[PDB]
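This is what each chain is made of:
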Amino acid sequence: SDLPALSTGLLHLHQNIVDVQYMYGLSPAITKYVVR
């Protein structure tokens, strides 16, 4: 149903992570929060 292509699985997965972890990553933020 819908998505008459099925040729964009890994591509969609990358956008899903690059569009969520970019805002919920805080990798460098936590490194400067526990020591300051």
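Residues numbered from 1 in each chain as written, not as in the entry; some residues may be left out. Heavy atoms only, no water.

Header annotation of the entry names solution NMR as the structure determination method.

Looking now at the overall build of the protein. Secondary structure assignment for the protein yields two helices and zero strands. Taken over the C-alpha atoms alone, the protein extends approximately 50 × 15 × 10 Å along its principal axes. Within the span of the protein, comprising 36 residues, buried residues form 0% of the whole. (Helix = DSSP H or I, 4+ residues; strand = E, 2+ residues; numbered from the N terminus. Buried < 20%, exposed > 50% of the residue type's maximum accessible area, 1.4 Å probe, protein only.)

As a further point, take the environment of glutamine 15. In this fold, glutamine 15 is placed in helix α1 (residues 9–18). Judged by relative accessible area, which is 49%, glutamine 15 ranks as partly exposed. Between the C-alpha atom of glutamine 15 and that of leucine 3, which follows or precedes it by 12 residues, the distance is 16 Å.

Moving on: unusual backbone geometry. Despite not being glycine, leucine 3 has its phi angle at roughly 50 degrees, a positive value. Checked against the element boundaries, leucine 3 lands in the segment before α1.

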